[PDB]
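Report on the structure given below.
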Amino acid sequence: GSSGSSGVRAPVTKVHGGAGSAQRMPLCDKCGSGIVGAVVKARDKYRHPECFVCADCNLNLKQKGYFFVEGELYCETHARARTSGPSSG
Ligand SMILES: [Zn+2]
Ligand SMILES: [Zn+2]
C-alpha cells in the first residue's frame, strides 16, 4: 500500500503583437500567403476561404462547424472527439 497523495497545476498564457511594416493584411496560417480579396476568420486567427479545413481530414469547416483544439482546427467529428466533454465555461 502506498496511501500517498500528489498535486500539480501549471497554467498557460498567450501573447500576440507585432510592430514594423505590412500591407495591413492577415497572413494565412495555412499557406502562409498574404490574404487579399477573401478571408475566413473564426475566433482570432484567419484562414483563406479554401484553406479553412480540418487538420485530420482537411474538411472545409467554413460552412461546417469549425473547432479549436490546442490552437489547431478540427471538424465537428474529430473536434468532438478532442473536446469531448468540455468544461463549464
Ligand atoms: Zn491560404
Ligand atoms: Zn476532421
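Following the order of the C-alpha cells, chains are lettered A, B, ..., residues in each are numbered from 1, and ligands are numbered from 1.
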For this session: Show me which residues sit within 6 Å of ligand 2 when counting only C-alpha atoms and all ligand atoms, and put them as a ChimeraX atom specification.
Result: /A:54,56-57,59,74-75,78
Preceding selection exported with C-alpha atoms as a CSV table (one decimal), in the first residue's frame:
chain,number,residue,atom,x,y,z
A,54,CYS,CA,-9.7,20.2,-40.7
A,56,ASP,CA,-7.0,15.3,-39.7
A,57,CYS,CA,-9.3,15.0,-42.7
A,59,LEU,CA,-12.7,19.1,-44.3
A,74,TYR,CA,-10.9,20.4,-36.5
A,75,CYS,CA,-14.3,19.2,-37.8
A,78,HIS,CA,-12.8,14.9,-35.0
For this session: Could you report the residues within 8 Å of ligand 1, using only C-alpha atoms and all ligand atoms, as a list in words?
Result: residues 27, 28, 29, 30, 31, 32, 33, 34, 35, 47, 48, 49, 50, 51 and 52 of chain A
Kindly save the residues from that selection, with C-alpha atoms included, as a PDB file, in the first residue's frame.
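Contents of the output file part_20.pdb:
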ATOM      1  CA  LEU A  27      -1.313  36.058 -43.146  1.00  0.00           C
ATOM      2  CA  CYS A  28      -2.895  32.672 -43.848  1.00  0.00           C
ATOM      3  CA  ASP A  29      -1.617  30.407 -41.073  1.00  0.00           C
ATOM      4  CA  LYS A  30      -2.233  27.550 -43.508  1.00  0.00           C
ATOM      5  CA  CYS A  31      -0.242  28.507 -46.605  1.00  0.00           C
ATOM      6  CA  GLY A  32       1.489  31.497 -45.042  1.00  0.00           C
ATOM      7  CA  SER A  33       0.458  33.549 -48.066  1.00  0.00           C
ATOM      8  CA  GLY A  34      -0.769  37.127 -47.820  1.00  0.00           C
ATOM      9  CA  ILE A  35      -4.558  37.320 -47.914  1.00  0.00           C
ATOM     10  CA  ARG A  47      -7.630  31.434 -42.880  1.00  0.00           C
ATOM     11  CA  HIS A  48      -8.252  31.580 -46.631  1.00  0.00           C
ATOM     12  CA  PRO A  49     -11.721  30.713 -47.998  1.00  0.00           C
ATOM     13  CA  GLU A  50     -10.248  27.467 -49.326  1.00  0.00           C
ATOM     14  CA  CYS A  51      -7.512  26.784 -46.772  1.00  0.00           C
ATOM     15  CA  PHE A  52     -10.022  26.651 -43.916  1.00  0.00           C
TER      16      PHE A  52
END
Exercise. Quick one: distance from CA of residue 24 (chain A) to CA of residue 66 (chain A) in Å, one decimal?
Worked result: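 A separation of 25.3 Å between them.
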Exercise. Near residue 46 (chain A), counting only C-alpha atoms, which residues have an atom at most 7 Å away, once you skip same-chain residues fewer than 4 positions from it, shown as an NGL selection string?
Worked result: :A and (26 or 28-29 or 39-42)
Residues just named, written with C-alpha atoms as a PDB file, in the first residue's frame:
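Printed below is out11.pdb as written:
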ATOM      1  CA  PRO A  26      -3.758  38.859 -42.339  1.00  0.00           C
ATOM      2  CA  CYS A  28      -2.895  32.672 -43.848  1.00  0.00           C
ATOM      3  CA  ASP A  29      -1.617  30.407 -41.073  1.00  0.00           C
ATOM      4  CA  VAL A  39     -10.571  35.619 -45.962  1.00  0.00           C
ATOM      5  CA  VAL A  40     -12.109  33.419 -43.269  1.00  0.00           C
ATOM      6  CA  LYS A  41     -11.512  34.268 -39.611  1.00  0.00           C
ATOM      7  CA  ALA A  42     -13.103  32.118 -36.906  1.00  0.00           C
TER       8      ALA A  42
END
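Atom pair CA of residue 22 (chain A) / CA of residue 45 (chain A) has a distance of 17.1 Å (rounded to one decimal).
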For this session: Mind listing the helix (DSSP H, G or I) residues of chain A, per DSSP on the backbone, as number ranges by chain?
Result: A: 76-82
Please dump the current selection as an mmCIF file, in the first residue's frame; keep N, CA and C atoms.
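Below you can see result26.cif, which holds the result:
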data_model
loop_
_atom_site.group_PDB
_atom_site.id
_atom_site.type_symbol
_atom_site.label_atom_id
_atom_site.label_comp_id
_atom_site.auth_asym_id
_atom_site.auth_seq_id
_atom_site.Cartn_x
_atom_site.Cartn_y
_atom_site.Cartn_z
ATOM 1 N N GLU A 76 -16.443 18.946 -36.769
ATOM 2 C CA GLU A 76 -17.359 18.539 -35.710
ATOM 3 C C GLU A 76 -17.073 17.108 -35.264
ATOM 4 N N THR A 77 -16.761 16.245 -36.226
ATOM 5 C CA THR A 77 -16.467 14.848 -35.935
ATOM 6 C C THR A 77 -15.205 14.717 -35.089
ATOM 7 N N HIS A 78 -14.059 15.008 -35.695
ATOM 8 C CA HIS A 78 -12.781 14.924 -34.998
ATOM 9 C C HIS A 78 -12.784 15.806 -33.753
ATOM 10 N N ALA A 79 -13.068 17.091 -33.944
ATOM 11 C CA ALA A 79 -13.104 18.038 -32.837
ATOM 12 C C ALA A 79 -13.855 17.459 -31.643
ATOM 13 N N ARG A 80 -15.096 17.043 -31.875
ATOM 14 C CA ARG A 80 -15.920 16.472 -30.817
ATOM 15 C C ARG A 80 -15.129 15.457 -29.999
ATOM 16 N N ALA A 81 -14.337 14.640 -30.686
ATOM 17 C CA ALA A 81 -13.526 13.626 -30.022
ATOM 18 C C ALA A 81 -12.483 14.266 -29.111
ATOM 19 N N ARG A 82 -11.888 15.360 -29.577
ATOM 20 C CA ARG A 82 -10.872 16.065 -28.805
ATOM 21 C C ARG A 82 -11.501 16.807 -27.629
#
